[PDB]
């Protein structure tokens, strides 16, 4: 239709899975089809993102072929897109175009990687190579965000300690999630005393290396209704279970900082414009959103995010974390989801981060919340509308999607 829903979700476990990137993508897709009450034959498109552990020419075609999608009796469009960690949401928006232009009625979206099984040095060499010509000292990506962090410290008066609060808040959410990689919550002293990786960024502030794959099935509602609407789940929690993609939007910026502190400038950042356009396209505002899946590769990223989507004013993101951190201590060490409805799964900090995959977890957790299937992390009252956010490179790509349970 014009109204397009996420009618299928499937994912592997997370951590060190000892499978190839190809095994993961196929396994996740088989799960997603089972979840959608579909078979291989029902797909009319497939979008994927590159893997750092197993980089591959025409990655999506490689996946579709090895998985055994071929031969097929119908038209099947295949694409690979690279916007870094913004990818799974970029691909979500592309899936929307394919349905609305009717080049494909059903679209599978797959992201898969195994950057934990690949090894610490191999990962480091390939990830560092990814930022060649940047002039960033190793490790390059953390140093890139660190440089932006130091800039915020000088410009808005951000404090090292407000940065360090992010993994703590994330660690609290994570221990309520059985699959999250951080099972023991961190102390602020654990984080501040954790190894320095860069001048203002320590080890427990760094994204958590993991293997994992997620497959989504996007389709038109009326289409799904005619052919697949046989499942007998109550329609309450079915709308959130197969949510409407209300809007998707993107904006971008430089791959690496200018290397000159006096060259760093506010309009490099792109998250707000995308969020702004996603809201416009959905005819909604931030006050109608009650779950936020926000990209958090490093603390500076999540801080900029809450400002961007309109949870707090610009420049006040460190304070936003503090008010939640203080309330945590002032609640028996309990981070009340309903007062911090953000990344209830743990995010990249504490749930897991397989390179370009983990923005998918912002989507899967959002659906869990909307369908009242988020367990010990469940927000009350149940959100009807969610916002998800993906970030790529070093504040280089922003992707924002709005998921709503019903119209």
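Residue numbers count along the first chain shown, from 1.
Modelled in this chain, residue 137 is likewise built in all the other compared entries whose models extend past it on both sides, so a third of them omitting it does not occur.
When the other compared entries with both flanking residues are checked, residue 208 is modelled in all of them, not unmodelled in a third. Across the two stretches, 116-124 and 231-239, the PDB entry reports the greater mean Cα temperature factor for 231-239.
273-281 and 150-158 differ in mean CA B-factor, and the higher of the two is recorded for 150-158. Listed residues 80, 83, 219, 330 were ranked by CA B-factor as deposited; 330 comes out on top.
In this structure the maximum Cα B-factor among 299, 87, 135, 93 is found at 135. Sort the chain's modelled residues by C-alpha temperature factor and residue 359 lands in the lowest third, per the entry.
The PDB entry assigns residue 39 a C-alpha temperature factor belonging to the highest third of its chain's modelled residues. Residue-level temperature factors show residue 180 in the lowest third of its chain, judged at the C-alpha atom.
In this PDB entry, the Cα temperature factor of residue 322 sits in the top third of its chain's modelled residues, the highest group. In the PDB entry, a CA B factor belonging to the lowest third of its chain's modelled residues is recorded for residue 109.
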